[PDB]
Structures are given as structure tokens and as C-alpha cells.
Amino acid sequence: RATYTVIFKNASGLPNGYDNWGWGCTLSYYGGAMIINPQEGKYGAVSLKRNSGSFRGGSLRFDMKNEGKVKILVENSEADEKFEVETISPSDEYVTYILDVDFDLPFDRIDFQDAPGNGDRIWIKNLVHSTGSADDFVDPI
């Protein structure tokens with residue numbers, strides 16, 4: 001069986017035990033969503049940085065709505081390497097995504113990037129990691 005790590009459900013600040021090592025954004029909070037405000041021309045990303053420890057593969061679950069395309073990545077800070085996980089299309093409604101992470105290195109950062117770099121907003125809730133596949137994911141939310 002998979003180990004499930006709830007990173008956050010409803011947010012009013014950064015998740016407990018996490019930093020933000022991103023760039024070219026402002027974060028704000030309302031209705032339990034983490035709300036990212038990327039800055040035009042910056043291709044800004046939030047990069048949630050786990051203070052102690054690492055995830056290996058498995059999959060990432062989260063609810064998101066977003067005005068523009070969003071790029072989801074994981075990073076390994078030691079090896080200084082990024083891995084693209086998925087590119088998500090615009091949606092005016094929350095949609096729940098469960099995505100396989102196929103990176104072959106441990107990751108301690110999860111990134112949400114404004115791919116068009118035009119400042120489209122992003123809203124995120126209920127972010128959870130599983131050591132198991134997306135197919136096998138049993139939603140604790």
C-alpha cells in the first residue's frame with residue numbers, strides 16, 4: 001500500500017514544513033485556496049520546497065483552477081534538476097488532477113508555473129503525494 005502525504009488541504013499561508021523558492025509571483029489566500037499571482041514577462045512559478053526530506057516517484061494529487069496553461073514540475077535541489085510532469089489547460093472551474101511522477105531522482109520541490117508568462121492566475125487546494133501510481137490512488141480527500 002501507498003504512503004499518502006497531505007501537503008495542504010485548505011491554505012491560509014505556506015504549508016507547514018514548506019518554503020517557497022519560486023520566482024516572479026505573489027501568493028495570497030482566500031476561500032482556502034493558495035492563489036498564485038504570476039508577474040507578466042517572468043514565467044513565474046511557485047516552488048514549494050519541503051524543508052526536511054524527499055518524495056520518490058508515485059503521483060501528485062491536487063485541485064486546481066487556472067486562467068492560462070500551467071506547467072507542473074518536480075525538482076531535485078541537490079542535483080539541481082527539473083522534470084516536467086504535465087501541462088494543464090485553462091479551466092474556470094476546479095478540477096482534480098492525479099499525475100504520475102516519472103522522475104527517476106528524489107524530489108523535494110513541486111512547481112506550478114505560469115507557462116504563457118502573461119500573469120494568468122492559479123488557484124490550488126488539496127495537494128497530496130502518494131508513493132503509488134495515479135491509477136492506484138485512493139483519494140483521502
# chains A, B, ... in the order shown; residues from 1 in each chain; ligands from 1
call {"tool": "residues_around", "arguments": {"residues": "residue A:35", "least_positions_apart": "5", "cutoff": "10 Å", "atoms": "only C-alpha atoms", "output": "JSON, numbers by chain"}}
result
{"A": [11, 12, 25, 26, 27, 28, 29, 30, 64, 65, 66, 121, 122, 123, 124, 125]}
call {"tool": "residues_around", "arguments": {"residues": "residue A:136", "least_positions_apart": "2", "cutoff": "12 Å", "atoms": "only C-alpha atoms", "output": "number ranges by chain"}}
result
A: 1-4, 58-61, 98-100, 130-134, 138-139
call {"tool": "residues_around", "arguments": {"residues": "residue A:80", "least_positions_apart": "4", "cutoff": "12 Å", "atoms": "only C-alpha atoms", "output": "list in words"}}
result
residues 74, 75, 76, 105, 106, 107, 108 and 109 of chain A
call {"tool": "write_last_selection", "arguments": {"atoms": "C-alpha atoms", "output": "compact mmCIF listing (two decimals), in the first residue's frame"}}
result
# COMPACT_ATOMS: atom_id res chain seq x y z
CA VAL A 74 9.21 18.47 -9.60
CA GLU A 75 12.89 19.35 -8.78
CA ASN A 76 15.80 17.76 -7.06
CA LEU A 105 15.50 11.12 -8.78
CA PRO A 106 14.04 12.04 -5.39
CA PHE A 107 12.27 15.42 -5.42
CA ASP A 108 11.95 17.99 -2.62
CA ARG A 109 10.26 20.77 -4.69
call {"tool": "select_by_dssp", "arguments": {"residues": "chain A", "states": "strand (DSSP E or B)", "output": "PyMOL selection string"}}
result
chain A and resi 4-8+18-20+23+25-30+33-38+45-50+55+59-66+70-76+81-88+91-100+107+109-114+122-130
call {"tool": "residues_around", "arguments": {"residues": "residue A:16", "least_positions_apart": "5", "cutoff": "10 Å", "atoms": "only C-alpha atoms", "output": "PyMOL selection string"}}
result
chain A and resi 7-8+11+50-51
call {"tool": "residues_around", "arguments": {"residues": "residue A:84", "least_positions_apart": "3", "cutoff": "9 Å", "atoms": "only C-alpha atoms", "output": "VMD selection string"}}
result
chain A and resid 71 to 75 87 101 103
call {"tool": "write_last_selection", "arguments": {"atoms": "N, CA and C atoms", "output": "PDB file, in the first residue's frame"}}
result
ATOM      1  N   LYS A  71       2.288  24.714 -15.989  1.00  0.00           N
ATOM      2  CA  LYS A  71       3.252  23.649 -16.102  1.00  0.00           C
ATOM      3  C   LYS A  71       3.524  23.145 -14.690  1.00  0.00           C
ATOM      4  N   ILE A  72       3.421  21.823 -14.487  1.00  0.00           N
ATOM      5  CA  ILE A  72       3.691  21.172 -13.225  1.00  0.00           C
ATOM      6  C   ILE A  72       5.053  20.500 -13.289  1.00  0.00           C
ATOM      7  N   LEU A  73       5.933  20.816 -12.341  1.00  0.00           N
ATOM      8  CA  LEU A  73       7.250  20.203 -12.351  1.00  0.00           C
ATOM      9  C   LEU A  73       7.606  19.775 -10.929  1.00  0.00           C
ATOM     10  N   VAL A  74       8.550  18.839 -10.830  1.00  0.00           N
ATOM     11  CA  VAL A  74       9.205  18.472  -9.597  1.00  0.00           C
ATOM     12  C   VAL A  74      10.734  18.774  -9.750  1.00  0.00           C
ATOM     13  N   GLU A  75      11.446  19.063  -8.655  1.00  0.00           N
ATOM     14  CA  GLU A  75      12.885  19.347  -8.783  1.00  0.00           C
ATOM     15  C   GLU A  75      13.617  18.590  -7.740  1.00  0.00           C
ATOM     16  N   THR A  87       1.422  19.412 -18.478  1.00  0.00           N
ATOM     17  CA  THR A  87       0.984  20.766 -18.777  1.00  0.00           C
ATOM     18  C   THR A  87      -0.551  20.795 -18.743  1.00  0.00           C
ATOM     19  N   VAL A 101       4.376  10.804 -11.357  1.00  0.00           N
ATOM     20  CA  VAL A 101       5.671  11.452 -11.389  1.00  0.00           C
ATOM     21  C   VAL A 101       6.687  10.378 -11.755  1.00  0.00           C
ATOM     22  N   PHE A 103       9.934  11.018 -12.701  1.00  0.00           N
ATOM     23  CA  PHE A 103      11.284  11.466 -12.413  1.00  0.00           C
ATOM     24  C   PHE A 103      11.971  10.294 -11.778  1.00  0.00           C
TER      25      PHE A 103
END
call {"tool": "atom_distance", "arguments": {"atom1": "atom CA of residue A:69", "atom2": "atom CA of residue A:115"}}
result
5.9 Å
call {"tool": "closest_residue", "arguments": {"among": "A:42, A:127, A:34, A:67", "to": "residue A:93", "atoms": "only C-alpha atoms"}}
result
A:67
call {"tool": "residues_around", "arguments": {"residues": "residue A:43", "least_positions_apart": "5", "cutoff": "7 Å", "atoms": "only C-alpha atoms", "output": "compact mmCIF listing (two decimals) with N, CA, C and O atoms, in the first residue's frame"}}
result
# COMPACT_ATOMS: atom_id res chain seq x y z
N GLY A 24 9.10 35.43 -9.50
CA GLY A 24 8.16 36.13 -10.35
C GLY A 24 6.68 35.94 -10.01
O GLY A 24 5.85 36.10 -10.92
N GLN A 113 3.93 26.55 -12.62
CA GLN A 113 4.49 27.63 -13.45
C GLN A 113 3.48 28.21 -14.45
O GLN A 113 2.74 27.50 -15.14
N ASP A 114 3.46 29.53 -14.52
CA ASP A 114 2.67 30.26 -15.49
C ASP A 114 3.35 30.14 -16.83
O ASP A 114 4.17 30.97 -17.19
N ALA A 115 3.01 29.10 -17.59
CA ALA A 115 3.73 28.82 -18.86
C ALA A 115 3.66 29.92 -19.94
O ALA A 115 4.66 30.15 -20.63
N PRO A 116 2.52 30.59 -20.13
CA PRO A 116 2.47 31.72 -21.11
C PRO A 116 3.16 32.98 -20.61
O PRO A 116 3.43 33.86 -21.43
N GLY A 117 3.45 33.07 -19.30
CA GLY A 117 4.06 34.26 -18.71
C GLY A 117 3.32 35.60 -18.88
O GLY A 117 3.97 36.66 -18.96
call {"tool": "atom_distance", "arguments": {"atom1": "atom CA of residue A:128", "atom2": "atom CA of residue A:36"}}
result
18.2 Å
call {"tool": "atom_distance", "arguments": {"atom1": "atom CA of residue A:88", "atom2": "atom CA of residue A:17"}}
result
26.4 Å
call {"tool": "closest_residue", "arguments": {"among": "A:110, A:45, A:70, A:33", "to": "residue A:18", "atoms": "only C-alpha atoms"}}
result
A:110
